[PDB]
Amino acid sequence: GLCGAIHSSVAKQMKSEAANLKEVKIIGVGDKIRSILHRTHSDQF
Amino acid sequence: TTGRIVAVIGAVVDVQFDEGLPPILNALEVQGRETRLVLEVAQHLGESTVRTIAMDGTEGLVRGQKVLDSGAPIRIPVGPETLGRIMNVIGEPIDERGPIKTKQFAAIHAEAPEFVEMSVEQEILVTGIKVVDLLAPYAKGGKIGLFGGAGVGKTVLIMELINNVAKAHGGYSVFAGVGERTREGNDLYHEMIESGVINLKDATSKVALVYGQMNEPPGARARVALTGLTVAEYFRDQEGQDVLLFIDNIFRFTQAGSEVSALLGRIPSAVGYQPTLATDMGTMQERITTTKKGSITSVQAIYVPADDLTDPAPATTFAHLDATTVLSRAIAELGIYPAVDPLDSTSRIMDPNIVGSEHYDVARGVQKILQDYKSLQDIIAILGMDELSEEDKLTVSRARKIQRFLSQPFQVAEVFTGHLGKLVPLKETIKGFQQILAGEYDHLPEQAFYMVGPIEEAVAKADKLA
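## Here's the deal with the side chain of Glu40 of chain B
Residue and element names in this part refer to chain B. Take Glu40: it is sitting in strand β4 (residues 38-46). A distance of 2.6 Å separates polar atoms of two side chains, one belonging to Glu40 and the other to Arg223. Not counting residues within four places of it along the chain, the set of residues in contact with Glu40 comprises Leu25, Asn26, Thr52, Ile53, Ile108, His109 and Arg223.

Structure follows, in structure tokens:
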């Protein structure tokens, strides 16, 4: 972390898609994504 | 009775009498002077000597000089013939328009209305100022106080209120300039003339002016408040009138007291102030009040030294108000005017059973979000917003938009805001703040909310910002 909004940005747009959508399945490269757009979507990993 | 000046130190003149020692508070006239020099007795030092406070410069006095007991305390012309006139601590006209020809004369020292004489009606006084109306609403016949360090907005706020409230008030007004700038008295007088609240042609003036400014010796500044006060008391009780009483600045009365106090020979209390600070504020503040006979809505500017609100002067004044508008240099420096601190201003009317729960819930709503923003600020300060939670960042957005929407252009400050003064109606304030809270404008930019009246203008500004 400590890089402004690098993670929150992708996460923000990531939740947006999963919502607007067709089946949903996701992958996160970099632990931060797995901790952020996570809980709400673990059963979606 | 004729006494003799025994000692002179600044404004403390000690006079000795041979037969007939004047009681405390009695006004004596010094003999042998080009102009009137009234001395107010302060205490009996024993040995037939009285220690007094001069009401004007004491230069030229000489030990052994003769002094005459006036037989009473400073007395001043009271009645409707003071309306539209400018007067002194000692009640003489200073507007070069002749004598104030009144039927009665009142003494500036009176006791405060009794307990049984008190009133408890609580009516909201809408001013058109967003922050004040929403968060620390004033009240008819109530006591309001505007706390402010140097150059923060106390006077501009009094002016705007004079404009927004005094101007359309059925009933009289009394402006008492205590220890402030002379130019201001002059700025006001002429302005009052212009808008016709002061009429030099007819008897239609609705304002009486009393002044004891920054150029007077301490004793004058220590008593003019009492003098403006007395004028107001006449309309209240002798005519059952609804009065408006503006004082700029009541802090100066206390300061004046601290100036003579060492001379009266007193061990100082904390911060060099006089040990009698509270009682002096008290027997004076307690006459500035509404009663069963009449109503006094009073707005008092309270200068805060070195910006320290823990200063004995301002500190001791909170307890006398019903509503307080605490101005902040920090806010002012952000460009928010009026620079009112939203989490530090209060009003005994901020009760659901008085302003309605709609009002009561928006009010507490706004404060809660600003309080929340306030705690995030420490971290925002080193690391900015990045590390903030999506949720936390929304309080921050809303808080910064609420903070801006609390500012507003005053007619009186048009020359500086570069914008036309606005007066927002209460329901417009309750509303505009609801929506903000409610997320109905999370899309607009902050700048849209800065310096506007009604919310509708904030939306527009947003379009113009494109």
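## Brief notes about the sheet that holds strand β17 (residues 323-326) of chain B
All names here are of chain B. Here we have eight strands laid out as an open sheet, ordered β8-β14-β13-β15-β16-β12-β17-β18, and mixed in their pairing. If you trace the sheet from one side to the other, it starts and ends with β8 (86-87) and β18 (346-347), each paired once. As judged from the five bridges shared by strand β13 (residues 173-178) and strand β15 (residues 242-248), these two strands associate in the parallel manner. Opposite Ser173, over in β15, you have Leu244 as the bridge partner.

## Quick word on the interface of chain A and chain B
Counting from both sides, the interface comprises seven residues of chain A and, opposite them, five residues of chain B. Here chain A and chain B share an interface that buries about 400 Å² over both sides, 47% of which is from carbon and sulfur atoms. Among the residues chain A hides against chain B, the three largest losses belong to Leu2, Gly4 and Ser8 of chain A. Together they make up 71% of the total.

## So, the domain arrangement of chain B
Residues and elements named next belong to chain B. Considered domain by domain, chain B is made up of domain 1 (1-73), domain 2 (74-349) and domain 3 (350-466). Centre-to-centre separation of domain 1 and domain 2, based on C-alpha positions: 29 Å. With 19 residues of domain 1 at the interface, the matching set in domain 2 holds 17 residues. Note on domain 1 versus domain 2: buried area summed over both sides is about 1500 Å², and carbon and sulfur give 68% of it. Considering only the surface of domain 1 that becomes buried against domain 2, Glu40, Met55 and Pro73 emerge as the three largest contributors, covering 37% of it. Our count for the contact surface shared by domain 1 and domain 2 stands at two salt bridges. Among the salt bridges present, the one from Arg36 reaches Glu92, with a minimum N-O distance of 3.4 Å. Inspection of the region where domain 1 meets domain 2 yields five residue pairs in polar contact. Elements with a minimum of two residues in the side of domain 1 that touches domain 2: β4 and β5 (49-54). Tallying contributions element by element places β4 first for the side of domain 1 that touches domain 2, with four residues. Taken together, the residues that form the side of domain 1 that touches domain 2 break down as 12 nonpolar, three polar and four charged.

## Details of the sheet that holds strand β6 (residues 66-69) of chain B
All names here are of chain B. Taken in spatial order, the six strands line up as β1-β2-β5-β4-β3-β6 and close into a barrel, and their pairing is antiparallel. Looking at each pair of strands side by side, their axes are set apart by 45 degrees on average, direction ignored. Pairing of β4 with β5 involves six bridges; the strand directions are antiparallel. In the sheet register, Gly46 faces β5, and the bridge partner there is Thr49.

## A short note on the pairing of β6 of chain B
Consecutive residues of a regular strand have side chains that alternate between opposite faces of the sheet. Residue and element names in this part refer to chain B. Because side chains alternate across β6, one face comprises the buried residues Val67 and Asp69, and the other comprises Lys66 and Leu68, none of which is buried. Relative to β6, strand β3 (residues 27-30) runs antiparallel, the two sharing three bridges. The residue of β6 that forms the bridge with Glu29 is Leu68.

## Thoughts on the pattern of salt bridges
All names here are of chain B. Applying the stated rule across the entire model yields 23 salt bridges over all chains. The salt bridge involving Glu457 is made with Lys422; its shortest N-O contact spans 2.6 Å. Taken together, the residues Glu457 in helix α14 (residues 455-465) and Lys422 in the loop between α11 (414-417) and α12 (426-437) connect sequence positions 35 residues apart. In this structure, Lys431 engages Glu456 in a salt bridge whose closest nitrogen and oxygen atoms are separated by 2.7 Å. Remark: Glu456 occurs in helix α14 and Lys431 occurs in helix α12; sequence separation between them is 25 residues. On the basis of relative accessibility, which here comes to 26%, the residue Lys431 falls in the partly exposed class. Residue classification places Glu456 among the partly exposed residues on the basis of a relative accessible area of 43%.

## What about helix α9 (residues 352-383) of chain B?
All names here are of chain B. Here α9 contains 32 residues, and its C-alpha end-to-end distance of 39 Å is more than 12% below the 46 Å for a straight helix at 1.5 Å per residue. The largest bend in α9 comes to about 70 degrees, at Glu358. Along α9, the positions that sit buried rather than exposed are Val355, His359, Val362, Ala363, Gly365, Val366, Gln367, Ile369, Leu370, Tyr373, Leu376 and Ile380. The elements touched by buried residues of α9 are β10 (123-125), α1 (130-135), α10 (390-405) and α12. The N-cap residue of α9 is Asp351: its side-chain oxygen and the backbone nitrogen of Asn353 are 2.7 Å apart. Two residues or fewer past α9, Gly384 is found with a positive phi of approximately 70 degrees.

## Examining the packing of helix α4 (residues 218-238) of chain B against helix α5 (residues 251-261) of chain B
Geometry of a packed helix pair, given as the angle between the helix axes and the separation of the axes. All names here are of chain B. Contact geometry of α4 with α5 gives a least axis separation of 8 Å together with a crossing angle of 145 degrees. Between α4 and α5 lies a crossing whose hand is left-handed. On the side of α4, the interface is formed by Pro218, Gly219, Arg221, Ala222 and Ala225, while α5 contributes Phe253, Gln255, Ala256, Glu259 and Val260. Counted by class, the contact of α4 with α5 contains six nonpolar, two polar and two charged residues.

## Quick look at a nonpolar patch on the surface
On the surface, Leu2 of chain A together with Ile379, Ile382 and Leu383 of chain B cluster together into a nonpolar patch covering about 450 Å² of accessible area. Tracing the sequence through the fold places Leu383 of chain B in helix α9. Using a relative accessible area of 41% as the deciding quantity, one classes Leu383 of chain B as partly exposed.

## Some words on unusual backbone geometry
Residues and elements named next belong to chain B. The linkage connecting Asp248 with the following residue, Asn249, adopts the cis geometry, with an omega of 5 degrees. Secondary-structure assignment places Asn249 in the loop between β15 and α5. Going from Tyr337 to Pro338, the amide bond is cis rather than trans, its omega being 0 degrees. When you line up the elements, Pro338 lands in the loop between α8 (329-334) and β18. The residue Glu47 is not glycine, and still its phi comes out positive at about 65 degrees. Looking at the element boundaries, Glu47 is found in the loop between β4 and β5. Residue classification places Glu47 among the exposed positions, given a relative accessible area of 74%.

Cut-offs applied
Residues numbered from 1 in each chain as written, not as in the entry; some residues may be left out. Chains lettered and ligands numbered in written order. Part of a larger assembly, values for the part shown. Heavy atoms only, no water. Helix = DSSP H or I, 4+ residues; strand = E, 2+ residues; numbered from the N terminus. Polar contact = N/O pair within 3.5 Å; in protein donor to acceptor, adjacent residues only side chain to side chain. Contact = heavy atoms within 4.5 Å. Pairing = 2+ DSSP bridges. Buried area = accessible area lost by both parts, 1.4 Å probe. Domains from an automatic or database assignment. Salt bridge = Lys/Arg side-chain N within 4 Å of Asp/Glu carboxyl O. Nonpolar A, V, L, I, M, F, W, Y, C, P; charged D, E, K, R; others polar. Axes fitted to C-alpha atoms, helices over the stretch in contact; angles between N-to-C directions. Buried < 20%, exposed > 50% of the residue type's maximum accessible area, 1.4 Å probe, protein only. Expected span 1.5 Å × (residues − 1). Bend = angle between axes of the 7 residues up to and from the residue. Left-handed = near helix turned anticlockwise from the far one by under 90°. Patch = residues over 30% accessible without salt bridge, like charges linked within 9 Å, V, L, I, M, F, W, Y side chains within 5 Å. Areas by Shrake-Rupley, 256 points an atom, 1.4 Å probe, with all protein chains shown as cover.

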